[PDB]
Each structure stands twice: as structure tokens, then as C-alpha cells.
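Novice: Could you have a look at this structure, given as C-alpha cells, before my questions?
Since every read-out is calculated from the coordinates, none of them should be taken as a lab result. Every residue, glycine among them, receives a Cβ derived from its backbone with ideal geometry; neighbour counts consider all protein chains shown.
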Amino acid sequence: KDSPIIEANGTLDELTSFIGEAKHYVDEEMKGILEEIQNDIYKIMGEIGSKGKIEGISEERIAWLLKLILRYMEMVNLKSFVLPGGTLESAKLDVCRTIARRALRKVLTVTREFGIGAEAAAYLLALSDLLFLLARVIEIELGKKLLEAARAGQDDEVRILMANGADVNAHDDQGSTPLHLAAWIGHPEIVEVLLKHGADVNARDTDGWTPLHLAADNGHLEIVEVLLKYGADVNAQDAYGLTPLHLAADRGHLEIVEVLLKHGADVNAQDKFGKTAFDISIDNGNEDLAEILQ
């Protein structure tokens, strides 16, 4: 009869329907999680419909939700605001999160009007946090599969995932972007297809290696020149102060050296140890490289 109670019940039932539509895009594990969440939401709906006469959820449910919160929190690294909807699954889950927030406001209003349902409000808040975490986890999983595809180097998974909205500039715990892996393995086509959609050529790993430094380290002319036409920093310095030309001279790639020189590389740059690329060439006894470097 009371309008707030009916509105809260309707909003919760909408929330459980949205959970139902979302639960068809996840694996078995999140599917089971969402099913027991449906069970708890139905319990809350039954409790509210009786004005607290029928016993509802128990504190074990909230403890379980907090356990899940911690479990998915250890596996996520939130650093800045992210645009919702990285992939279909994340978008569905975040929509469910917003509906959960609406139902949470409804339950809070009902509690303020009647003094019951505080545990339901806490459960819904935990549900909102859990859905946000699940969306971020799905995004991270897609990024990890993208990294796996880049390491494999055969581009079908790369393109299907990139079209699917997987984060292009996601990084491993080492800090390597898919561009870094593509440069390391030696599959350029992935490098171009990633660079087309705004891939940052100047990404920095935890080891100081940019994609261009490591790519030139492997002696891959094609990938390096593709990076250069895409605005690669010809004189970017690593964690040891090395420019691309220093590492180019380290393995004696004359063609890489001359390409870098054509694009503004500094022959006499200083690293942390003070070594210059020309002096590096002199040290190893290669004379044609020094002649080109001079």
C-alpha cells in the first residue's frame, strides 16, 4: 500500500532482471555468483514486501560479499577514472551497477520512512561495489588475453579483441604494453594495426624500455621504421640514460643506426655511464659503423 515500499520492490525486481540479462555474458563462476545474488535479492524483496515480518537476509551474505570484494580488489589496480563500457560484458555489469544504486537509494528512502532494511542497504552497496569490481576484472582479463595474443604474434586474436574493445594500452605487471610484446616477438602487422587506433608509441615500462628501444634491440628494421613514421622519439632515454642509437650500436645494426641518424638521433649522446654511441662503436672494433656515425 505504501508508495516507497512498492517503488523499492519494483526497482529491486528491475535490478534482478538486469542481473539476469547480464549473467549470460560471463563464465561459470560469475554466473553462479550472480545466481546467488538473485537469490539474495529475492530474499530482500520478500522481506520488504512483508514490512519486516518475514526474516530476510543474514549477515553471512554480507560477509561473503566483503570476501568477494577483497578477492577482486587484490587483482585490480584502479589508477584513474575509466570510461564505462570497455567491452560488452563490462557495460552490462556497469548498467546493473547503476540500477543497483537506484534500488539502493529506494531502499534507503524506505529505511528512513520505516526504520527497516539497513542490512538490505548495506547488501546493495556491497553489490554495487562488487559489480564495479567485476566490470574492471573483465576489462583486465580482456587486456591479459590481448597480451597473450601479442606474445603469440598471430594477429587474429589481436584484431578480434581490439575490435571488441579490449584496452589497447593495458600493461603486464612488468609494465609492457602489447606494443612492447609485438616489437619483442617481431610481428609488425600487429604493430601497425595497434598504432592505428591511438597506441602510445612512447609508452614506458618498469625497466625503462620503450617499444622503439627494445624493437631496435632485436634488430627489426621494419618495426622500428614503422614506429619512427608514427612519431617515435628518436632520442628517448631509458632508465640507464641510453638513447636508441646506443643500443643500436650495442648489437652493431648499421641499418638501424643510419635510419635513426636520418631521423634525428644524436650520435654523441651521454648515458649514465657517459658512453657515447660513436665511442661504443669504436670499442667493439667495428669501423664501418664509426665511419657512418661520423
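Novice: Would you mind checking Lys229/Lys262; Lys23/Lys145; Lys79/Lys144; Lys23/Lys92 for any pair whose Cα atoms are more than 19 angstrom apart?
Specialist: Among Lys229/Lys262; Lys23/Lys145; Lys79/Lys144; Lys23/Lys92, the Cα-Cα distance tops 19 Å for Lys23/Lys145.
Novice: Based only on other Cβ atoms within 10 Å, what is the fewest-to-most ordering of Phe114, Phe18?
Specialist: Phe114, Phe18
Novice: How many nm separate the modelled label positions at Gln38 and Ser3, each set 7 Å beyond the Cα in the direction of the Cβ?
Specialist: Taking the simple label geometry, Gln38 and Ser3 are separated by 3.3 nm.
Novice: Starting with the fewest neighbours, write out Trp184, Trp209, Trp64 ranked by other beta-carbon atoms found within 10 Å of each beta-carbon.
Specialist: Going from least to most buried by this count: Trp64, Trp184, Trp209.
Novice: To one decimal place, what orientation-averaged projected area in nm² is obtained for the convex hull of the Cα set of the chain?
Specialist: On the way: hull surface 73.4 nm².
Reported value for the Cα convex hull: 18.3 nm².
Novice: Using the alpha-carbon centroid of each, what span in Å lies between the stretch 90-114 and the stretch 145-192?
Specialist: 37 Å
Novice: On to the next question. Based solely on its DSSP helices, what 222 nm [θ] is calculated for the chain when runs of n ≥ 4 H residues each add -39,500 (n - 2.57) and the sum is averaged over all residues, nearest 500 deg cm²/dmol?
Specialist: About -21000 deg cm²/dmol.
Novice: Kyte-Doolittle cut-off -1.0, length cut-off 24 Å along the helix's own axis using Cα: show which whole DSSP H helices in the chain pass. Don't jump to the answer; show the numbers that get you there.
Specialist: On the way: long enough: 3-22 (28 Å, 0.23); 28-49 (31 Å, -0.37); 88-114 (39 Å, -0.03); 118-152 (51 Å, 0.95).
Result, helices passing both filters: 3-22, 28-49, 88-114, 118-152.
Novice: Any idea what the relative contact order of the chain is, in percent, if you count C-alpha pairs under 8 Å spaced at least 6 apart?
Specialist: 11 percent
Novice: So if I take the centroid of the Cα atoms in the stretch 221-294 and the same for the stretch 32-56, what is the distance between those two points in Å?
Specialist: What the calculation gives is 66 Å, centre to centre.
Novice: While we're looking at this one, here's another question. How do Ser128, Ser3, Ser50, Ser281 rank when sorted from fewest to most other Cβ atoms within 10 Å of their own Cβ?
Specialist: Numbers: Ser128 18, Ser3 9, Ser50 12, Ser281 27.
Fewest-to-most ranking of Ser128, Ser3, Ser50, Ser281: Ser3, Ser50, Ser128, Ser281.
Novice: Would you please give the FRET efficiency between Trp64 and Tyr240, computed as 1/(1 + (r/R0)^6) with r the Cβ-Cβ distance and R0 = 41 Å, to the nearest 0.05? Present the calculation step by step, with values, prior to reporting the outcome.
Specialist: On the way: r = 49 Å, r/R0 = 1.19.
Approximately 0.25, to the nearest 0.05.
Novice: Relative contact order for the stretch 168-293 using alpha-carbon pairs under 8 Å, separation at least 6, rounded to a whole percent?
Specialist: 18 percent
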